[PDB]
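**Student:**
There are 2 protein chains.
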Amino acid sequence: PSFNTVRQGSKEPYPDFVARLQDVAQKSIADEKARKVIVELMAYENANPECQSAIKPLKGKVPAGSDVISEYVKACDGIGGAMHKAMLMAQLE
Amino acid sequence: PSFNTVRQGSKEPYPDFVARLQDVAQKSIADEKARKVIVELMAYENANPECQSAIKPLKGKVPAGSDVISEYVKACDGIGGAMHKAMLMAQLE
Numbered sequence: 001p002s003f004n005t006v007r008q009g010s011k012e013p014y015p016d017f018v019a020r021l022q023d024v025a026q027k028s029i030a031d032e033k034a035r036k037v038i039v040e041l042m043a044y045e046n047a048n049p050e051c052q053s054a055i056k057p058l059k060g061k062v063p064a065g066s067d068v069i070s071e072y073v074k075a076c077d078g079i080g081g082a083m084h085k086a087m088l089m090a091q092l093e
Numbered sequence: 001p002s003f004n005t006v007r008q009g010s011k012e013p014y015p016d017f018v019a020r021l022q023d024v025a026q027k028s029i030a031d032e033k034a035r036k037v038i039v040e041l042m043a044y045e046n047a048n049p050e051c052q053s054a055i056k057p058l059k060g061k062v063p064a065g066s067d068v069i070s071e072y073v074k075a076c077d078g079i080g081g082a083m084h085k086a087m088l089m090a091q092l093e
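Each protein sequence line maps, in turn, to chains B and A. Counted from 1, the first sequence has number 91 at position 91 by the authors' numbering; the numbering is strictly sequential. Counted from 1, the second sequence has number 90 at position 90 by the authors' numbering; the numbering is strictly sequential.
Here you go:
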């Protein structure tokens, strides 16, 4: 398929959802930039509807010099149990 | 936000959904490749759940030398009225 079409399933571990996002983006991409930009992007666009919803505030915002994935996984760092379903109505909105 | 976070709304015209997808990807990206790859990718990942669903068969497959968007818009070229809602159960699945 695409590289990055790999996406967070039922509360799939986020740093892992994106780690394979990057992995195969890396397998299919020779451009680190296109690799990152799509891992860091699909991290939202491809993530769980709640998890990208954890991400939308960070969406576009990355710390200067840091990885956006780090933050996007940090976004869903609260998603995976209980808080996932509390935030489901807030973030997924 | 991102560049490409612009996505097909309620049966939003697809070549147009992605044309702005590309536009702002172009505004925010200096790399034509990262521009294309994300327009051609978000063309699915960001498209309408039916329209990307029009795209999944083309997802990853582009004609040698052609734009994938051309095909992805062609995918939703049947989406926008009537067939959209027929295909809604098939493609969105």
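Beta carbons: idealized from backbone N, C-alpha and C, even for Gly.
Check whether the region 85-93 of chain A touches the region 43-63 of chain A, counting contact only when three or more Cβ pairs, one atom from each stretch, lie closer than 8 Å.
**Tutor:** With the cut-off at 8 Å, the region 85-93 of chain A and the region 43-63 of chain A touch.
**Student:** Can you tell me whether DSSP reads residue 150/B as helix, strand or coil?
**Tutor:** Because chain B is modelled from 1 through 93, residue 150/B falls outside the range shown and cannot be assessed.
**Student:** List, in chain order, every chain B residue whose beta-carbon is nearer than 7 Å to that of residue 13/A.
**Tutor:** Within chain B, no residue comes near residue 13/A; the closest Cβ sits about 20 Å away, beyond 7 Å.
**Student:** Do the region 20-35 of chain A and the region 79-90 of chain B touch if we need at least three Cβ pairs shorter than 8 Å?
**Tutor:** Flag = no, the region 20-35 of chain A and the region 79-90 of chain B do not touch.
**Student:** Report yes or no: do the region 34-46 of chain A and the region 1-17 of chain A share at least 3 C-beta pairs separated by less than 8 Å?
**Tutor:** At 8 Å Cβ cutoff, the stretches touch.
**Student:** Which parts of the region 25-91 of chain B are runs of the alpha helix (DSSP H), unbroken and 4 residues or longer, counting only runs that do not cross its ends?
**Tutor:** Segments of the alpha helix (DSSP H) lying fully in the region 25-91 of chain B: 32-45, 52-55, 68-75 and 83-87.
**Student:** Just to confirm, are residue 102/A and residue 45/A a CB contact at a threshold of 8 Å?
**Tutor:** Lying outside 1 to 93, the shown extent of chain A, residue 102/A is not represented and no answer is given.
**Student:** Please list the residues of the region 48-68 of chain A that have a C-beta atom closer than 7 Å to any C-beta atom in chain B, keeping them in chain order.
**Tutor:** If the cut-off is 7 Å between Cβ atoms, the region 48-68 of chain A has 59 and 60 near chain B.
**Student:** Apply the 10 Å Cβ neighbour rule to residue 75/B and answer buried if 16 or more other Cβ atoms are within range, or exposed otherwise.
**Tutor:** Buried.
**Student:** Closer than 8 Å, Cβ to Cβ, to anything on chain A: give me those residues from the region 14-47 of chain B, in chain order.
**Tutor:** Listed by position, the residues of the region 14-47 of chain B near chain A (Cβ gap below 8 Å) are 29, 31, 33, 34, 37, 38, 41, 42, 44, 45 and 46.
**Student:** Between which residues of its own chain and residue 55/B is the CB-CB distance below 7 Å, once the five residues before and five after are set aside?
**Tutor:** 43, 44, 47, 72 and 75, listed in sequence order.
**Student:** Exposed or buried, what is residue 82/B when buried is set at 16 or more other beta-carbons lying within 10 Å of its beta-carbon?
**Tutor:** It is exposed - the Cβ of residue 82/B has fewer than 16 other Cβ atoms within 10 Å.
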